[PDB]
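In structure tokens, one chain follows: the form solved without ligand NAD.
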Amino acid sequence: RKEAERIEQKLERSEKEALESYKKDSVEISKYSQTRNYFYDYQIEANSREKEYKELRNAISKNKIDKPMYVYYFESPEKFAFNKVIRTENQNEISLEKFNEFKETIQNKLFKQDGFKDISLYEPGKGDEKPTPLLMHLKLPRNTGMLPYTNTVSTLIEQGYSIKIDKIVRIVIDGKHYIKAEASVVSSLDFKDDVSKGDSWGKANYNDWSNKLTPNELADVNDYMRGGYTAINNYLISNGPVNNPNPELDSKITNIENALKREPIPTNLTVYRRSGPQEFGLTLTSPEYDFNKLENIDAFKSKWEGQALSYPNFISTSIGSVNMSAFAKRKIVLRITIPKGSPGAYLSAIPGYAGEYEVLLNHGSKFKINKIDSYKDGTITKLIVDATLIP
């Protein structure tokens, strides 16, 4: 505990203040840290928990590990899209069938992790709170912020990365079976609500992009951004190249694709799209689109989690996660990890009518849906779809 006393002395008074509050209200504060960035900028600024979020975020950055460190924490199976129990809480055994099913569910997938989390440095034993049958054993990389603190002793981190589960093992603690998931961190540039910082990145990486394009490519990209996108994307969505061929539109599509391949996304990058229901085969009047009903979330997850979402059209995204007037009522936030080397361009590097903080992805792109979350925006449940662009 005297070790935790050391690190607390390193904190500013305002950070100590945020930590005192965290000790009293950890659940709500951690919940806020997960979804804060999905609201309007003015909503973020207005929230009573925002100032303390920033202070506590700063506090954790005051102690960065010098070498990688393994940590333990319990997690719900639902966190990795296993939407059923591994075993009940009064059961001791986990069946081998269930073990294999969970392995099949999690393999070859990256999962976005966000928000404040309490962890332990030691494997939980008999005298520890073990609320689920799933124990994460995660390797945190060098320079990860870590805040040990006393309450009556724990360690606080802020998750801002993706994890992959490399191996699962069935272990026994106090006569009970648990799945222990050995996991690794995969990084991705993620601006979340900091659109200004994302814009600085976008401009730095794409200011010179227009000048790398041929006259035909430039003209077709300009025409797309000026409003041609509607005709082009509707054509692609309806399978026009087959059903009602337009070779003029086809040539534009070819040029825009080649433009997006000209300077590939230079690093793993997270982007955000507010999707309309049509992108998932629904309409505004679809009863299934009412995510305030749990059965509709259940049905949506069953259809889409673990499956590929395909876009015949070009995909407009933003480096910012914030809500915006243009898509205020859209209920589905597609949160996409773009692997380094993927086609794409920051279009808002061209001054004019460029969309807001816009990154355009190539037509025909496929997105693997890893996990679906929900949150309340006012009284309306909205979804966050954790997806990876498939090469």
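Sequential numbering from 1, following the sequence displayed. Only residues modelled in both forms are compared. Heads up, when I say rigid core I mean the largest set of C-alphas that superpose within 1.5 Å between the two forms.
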| item | value |
| --- | --- |
| At least a third of other PDB entries omit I338 | no |
| Coordinates absent for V322 in a third or more of other entries | no |
| Residues of the deposited sequence that sit between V153 and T152 yet are not modelled | 1 to 3 |
| Stretch with the greater mean C-alpha B-factor as recorded in the entry, comparing 97-105 against 121-129 | 121-129 |
| Entry-level comparison of average CA B-factors, 6-14 and 373-381, reporting the higher stretch | 6-14 |
| Per the PDB entry, maximal CA B factor within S251, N258, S275, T88 | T88 |
| Candidate residues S26, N58, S365, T337, the one whose C-alpha B factor the record puts highest | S26 |
| Record-listed C-alpha B factor of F111: chain third | lowest |
| Relative C-alpha B-factor of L389, binned into the chain's lowest, middle or highest third | middle |
| CA B-factor ranking of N47, expressed as a third of its chain | middle |
| CA B-factor placement of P287, once the chain's modelled residues are sorted into thirds | highest |
| Ranked against its chain, the third holding the CA B-factor of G175 | highest |
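Another form, the form solved in complex with ligand NAD, is not on view; read the next lines as being about it.
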item: Ligand NAD in the deposited complex reached by all of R273, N313 and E358, non-hydrogen atom within 4.5 Å; value: yes
item: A308 within 4.5 Å of ligand NAD in the deposited complex, heavy atoms; value: no
item: Partner contact for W304 in the deposited complex: ligand NAD, 4.5 angstroms, heavy atom; value: no
item: Partner contact for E182 in the deposited complex: ligand NAD, 4.5 angstroms, heavy atom; value: no
item: 4.5 Å heavy atom contact, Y229 to ligand NAD in the deposited complex; value: yes
item: Of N255, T144, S318, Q113, the one that lies within 4.5 Å of ligand NAD in the deposited complex (heavy atoms); value: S318
item: Ligand NAD: the contacting residue among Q278, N246, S187, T150 in the deposited complex [heavy atom, 4.5 Å]; value: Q278
item: Stretch in contact, per heavy atom within 4.5 angstroms of ligand NAD in the deposited complex, of 61-69, 26-34, 44-52, 324-332; value: 324-332
item: Heavy atom contacts to ligand NAD in the deposited complex at 4.5 Å, residues of 234-259 in sequence order; value: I237
item: Which one of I60, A354, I29, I44, by Cα shift of 2 Å or more between the shown form and the other one, core superposed; value: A354
item: Note on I265-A354 C-alpha separation in the deposited complex, which departs from the shown form by 3 angstroms or more; value: farther
item: Residue ranges moving between the shown form and the other one (criterion: at least three consecutive CA positions shifted 2 angstroms or more, core aligned); value: 351-354
